[PDB]
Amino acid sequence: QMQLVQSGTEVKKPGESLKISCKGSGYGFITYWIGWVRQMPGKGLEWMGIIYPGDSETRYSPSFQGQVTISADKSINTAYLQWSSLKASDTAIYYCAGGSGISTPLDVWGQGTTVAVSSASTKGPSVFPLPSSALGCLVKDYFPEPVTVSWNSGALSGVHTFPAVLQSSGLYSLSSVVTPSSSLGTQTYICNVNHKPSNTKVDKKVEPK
C-alpha cells in the first residue's frame, strides 16, 4: 500500500499567500496521481484538481482553476497547493487523495490540513460562569481556534462541550455544561479553559449565587 502525509495547521489573514504540502511515501508512487479536496466548515467535500507527479499534468475544476495552483516535485514525491491572495472564504480543511491513475478511485488519503483566514487578531478568551434552585462556564470572544475546555483537571463523566460558533464580531464563543444536586452542596467545581493560540489558561471557580 501507500501513505500520504500533509503539512501543518496554518492561520492566515486576507491578502496573504499560502502554500500547503502533501508528501507521499509508499511503494509505487510512479503510478499515482494526487488530487486536492476542500471541505468548508461543517460542509461537504469539494474536488479542486489533480496532478501527475511524473510530468506535472494538472487538471483543475472549473470552480477552482482561476484562483488555485497545483504543483509537484517528483524528486521528493510531494504535491503542493498554493494561493496568492487568500480570502476569508478559503477557511476550510484541505485533503489530498491519491489514485493509481486518472478515472480511478481515491485509494489513499492524507490526514488533512486546516486553514483559517479572517480579518481578526489573536485575542484570547474571557471565561464567565454559567446554578439554579447544572454548572457551566462561558468561553467568549476568542480567535483563532481551538479552545480546549476541561473540568476539574481531568476525570469529571457528564461533560457536554458545545461546538464553537462564529459571532458577528469576527470572534468565537463556546460553552460547556455539567449536570446531581448533592454536588452543589459542598463539592467545589472548577473549569479549566486553555487557548493555545493565545496562551490563555483560565481556571475559574463556579459558585451558586
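So that there is no doubt, residue numbering starts at 1 and follows the sequence shown.
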Note to self: If I compare the deposited sequence with the modelled residues, how many are absent between residue 148 and residue 149: none, 1 to 3, 4 to 9, or 10 or more?
What the structure shows: none
Notebook entry, point to check: As recorded in the PDB entry, how many deposited residues are without coordinates between residue 156 and residue 157: none, 1 to 3, 4 to 9, or 10 or more?
Noted result: 1 to 3
Item checked: Mean C-alpha temperature factor, higher of 4-12 and 199-207 -> 199-207
Item checked: Between the two ranges 105-113 and 121-129, the one averaging a larger CA B factor in the entry -> 121-129
Notebook entry, point to check: Hey, out of 56, 176, 65, 39, whose CA B-factor is highest in the deposited coordinates?
Noted result: 176
Next item on the list: Among the candidates 97, 137, 92, 72, give the one with the maximum CA B-factor reported in the record.
Entry: 137
Check: Ranked by Cα temperature factor within the chain, is residue 165 in the lowest third, the middle third or the highest third?
Finding: middle
Notebook entry, point to check: Where does residue 18 sit by CA temperature factor within its chain: lowest, middle or highest third?
Noted result: middle
Next item on the list: Sort the modelled residues of this chain by their C-alpha B factor and say whether residue 27 lands in the lowest, middle or highest third.
Entry: middle
Notebook entry, point to check: Within this chain, which third does the Cα B-factor at residue 51 fall in: lowest, middle or highest?
Noted result: lowest
Item checked: Chain third (lowest, middle, highest) by recorded CA B-factor, residue given as residue 180 -> highest
